[PDB]
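To begin, one chain is listed below as structure tokens, in the form deposited in one PDB entry.
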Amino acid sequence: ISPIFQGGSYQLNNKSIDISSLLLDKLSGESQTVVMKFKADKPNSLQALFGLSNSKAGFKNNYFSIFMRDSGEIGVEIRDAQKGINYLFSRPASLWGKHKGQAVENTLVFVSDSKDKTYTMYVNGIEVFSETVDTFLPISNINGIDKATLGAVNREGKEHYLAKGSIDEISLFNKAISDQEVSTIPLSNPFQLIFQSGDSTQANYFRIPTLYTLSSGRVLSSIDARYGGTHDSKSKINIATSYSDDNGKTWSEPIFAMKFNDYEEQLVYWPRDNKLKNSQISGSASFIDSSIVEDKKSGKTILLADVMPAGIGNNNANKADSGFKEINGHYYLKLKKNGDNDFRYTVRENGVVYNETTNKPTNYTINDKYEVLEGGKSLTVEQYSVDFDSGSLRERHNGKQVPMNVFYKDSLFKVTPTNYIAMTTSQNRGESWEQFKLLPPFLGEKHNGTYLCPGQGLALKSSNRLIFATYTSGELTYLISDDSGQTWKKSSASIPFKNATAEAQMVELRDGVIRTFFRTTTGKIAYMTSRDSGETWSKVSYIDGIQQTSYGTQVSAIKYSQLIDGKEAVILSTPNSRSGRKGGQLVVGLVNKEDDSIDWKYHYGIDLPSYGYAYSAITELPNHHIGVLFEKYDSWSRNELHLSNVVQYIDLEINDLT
């Protein structure tokens, strides 16, 4: 259909523009649709983009507005005093501010639909809220409406919520357009999506991105596919991966690298209200935090992740048990049988379930996939689904059968309730992935498995050595394999923090010289150096000129292949802020060949300082551009839980950074 209004290039400099003569009479019916292309790269703290109101005295609570905050949040208000209606829908982290030194054209689409009694907002091709009321309030049915306003709301004659920015195009429709039509409205997005709600993973939520450029030029990406909101385990999470063969222009329909089936892969809309937002999927097994590297010698691609048995995450993780019993050089996975109160079984060679108390094998066995066999026949369990139908999270059986897995709740033999690490491998550069295998323990029986640092492993340019940074309390623990990931040894490096979350990423400054940048609890990003290919590690230092928060945030880094100002260069991706996870930056450091020290010359703000920015992934593309797959929200704030499509991808050229 056609618009009943269409104006444009409205500049908003803390002064409201009246357009009521150009709209109010054309308002008709109980269903409207607003489409607005706008820019705000310097917004006020809270500001109205568009507004209908009742400006007459005694009716300051009678208005529709479309507002944004400088945290990037967007929302509508719908208020009518005489009806006793005060609606307030919004979603944080819904906007872009700047990109490549320029204002982003945001494309806002708000549909008000009285047939379905639903309010729905889109920004930049993404749906950020869709709410249904029992008592619908048409935005043109607000009693006594007399003003249509751009960049403020006119209440009792005054401008409230004055906006700074601009509205290049705005148009209204006397209909509720279908979801189908919304997708037809062209976008001017500065970003694109790899993983998204509705894709093959069926996860409404995504966290913990990774980027890697293969020898072929293929770019690989792995992700936490999180089903029960954006929570860390305990939850249900799978590891999903997807690649790109055109420098990051197009991406493949994601497959799973790691997956459990104890729970149904459901696209749920996790609740965002204060009472229910702490709901966790508590009975499921999961994976958190993946990391990728490529082995030059074999050709294999190698993915590691943390593994959680049913119920378990970091909070209740059996700190001080590895899950394995050591019997002369060997590490056998411990198991508990239903009814027992201690772990009286182990898994020996060929998956045979061996009894300890008797030293006799049993009629039970474990296959490739950590499933359970009895006499060679496959035991099963019944899958769980989740729903909120009774106004409270319920986790019940759904009638479907899956193979019994030792990481599952209902399983006959359960593994130790602690955290492990698994590796999987791809012989075809990420088109499929082998069944995962558990990595051994490295710090003794009576110590829990360490925590894989998410992002990139390191493949040393002038050898076959592969390294994956992991962390535990008190140290960084590098895992090192010189045989294509078949065997591993550890290399500890003491860090001056008890119980830190020391997420580490490495760079190779020149042959055998690895610098690791890691997250601390001091507000400052730390680092250490190796000069024997990771064998031994230096003492800790700290980057000045980048600020983090007291808890801090994952940092990702690459060595750039090219020279910048004649010196060898290194790029950091991190939030740059000491309040929260916002103010994303790519920071360029030039290496000094005298002491291998780094001069942090260049700061590039990915978006506005006040706009959200969390865990990130960088990679040097085949054509020397930079890919950045990142969480565009405050992944720490309890106000920005459960947000769809905030993990986003962008393409930059060096010149943008310098």
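Residues carry their position along the shown sequence, with the first being 1.
S.K.: So 564-572 or 300-308, which one's hotter by mean CA B-factor in the entry?
M.R.: Stretch with the greater average CA B-factor: 564-572.
S.K.: Take the C-alpha B-factors listed in the entry for 165-173 and for 88-96, compute each mean, and give the stretch with the larger one.
M.R.: According to the PDB entry, the answer is 165-173.
S.K.: Whose CA atom has the top B-factor in the entry, of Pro454, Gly449, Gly72, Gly485?
M.R.: The record points to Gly449.
S.K.: In terms of recorded Cα temperature factor, pick the maximum from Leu438, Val133, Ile194, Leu479.
M.R.: Comparing C-alpha B-factors across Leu438, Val133, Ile194, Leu479, the maximum falls on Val133.
S.K.: Looking at the entry's B-factor column for C-alpha atoms only, identify whether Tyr332 ranks in the lowest, middle or highest third of its chain.
M.R.: For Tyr332, whose C-alpha B-factor we compare with every modelled residue in the chain, the answer is the highest third.
S.K.: How does the C-alpha B factor of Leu27 compare with the rest of the chain: lowest, middle or highest third?
M.R.: Answer is highest: the recorded C-alpha B-factor places it there.
S.K.: Which third, lowest, middle or highest, does the C-alpha temperature factor of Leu12 belong to within its own chain?
M.R.: For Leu12, the deposited C-alpha B-factor lands in the highest third.
S.K.: How does the C-alpha B factor of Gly391 compare with the rest of the chain: lowest, middle or highest third?
M.R.: It belongs to the highest third of the chain when residues are ordered by C-alpha B-factor.
S.K.: Give the position of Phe59 by CA B-factor within its chain, expressed as the lowest, middle or highest third.
M.R.: Highest third.
One more form of this protein, deposited with a small molecule bound, exists but is not displayed; see below.
S.K.: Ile288 near the small molecule in the entry with it bound, any heavy atom under 4.5 Å?
M.R.: Looking in the entry with it bound, residue contacts with the small molecule include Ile288, since a heavy atom lies within 4.5 Å.
S.K.: How about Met308 - does it come within 4.5 Å of the small molecule in the entry with it bound, if we only consider non-hydrogen atoms?
M.R.: Yes, contact at 4.5 Å.
S.K.: Hey, in the entry with it bound, does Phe195 get a heavy atom within 4.5 angstroms of the small molecule?
M.R.: Outside the cut-off, so no.
S.K.: Hey, in the entry with it bound, does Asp199 get a heavy atom within 4.5 angstroms of the small molecule?
M.R.: Flag for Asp199 set to no.
S.K.: Only one of 425-433, 171-179, 71-79, 230-238 has heavy atoms within 4.5 Å of the small molecule in the entry with it bound; I'd like to know which.
M.R.: Of the options, only 230-238 has residues within 4.5 Å of the partner.
S.K.: Though the small molecule is not shown, can you say which of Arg519, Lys414, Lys147, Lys582 has a heavy atom within 4.5 Å of it in the entry with it bound?
M.R.: The residue from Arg519, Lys414, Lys147, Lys582 that makes the contact is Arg519.
S.K.: Between the options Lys334, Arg207, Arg91, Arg515, which residue brings a heavy atom to within 4.5 Å of the small molecule in the entry with it bound?
M.R.: Flagged contact: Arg207.
S.K.: Taking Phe64, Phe129 and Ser140 as a possible spot, do all three reach the small molecule in the entry with it bound with a heavy atom inside 4.5 Å?
M.R.: The answer is no; none of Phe64, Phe129 and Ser140 reaches the small molecule.
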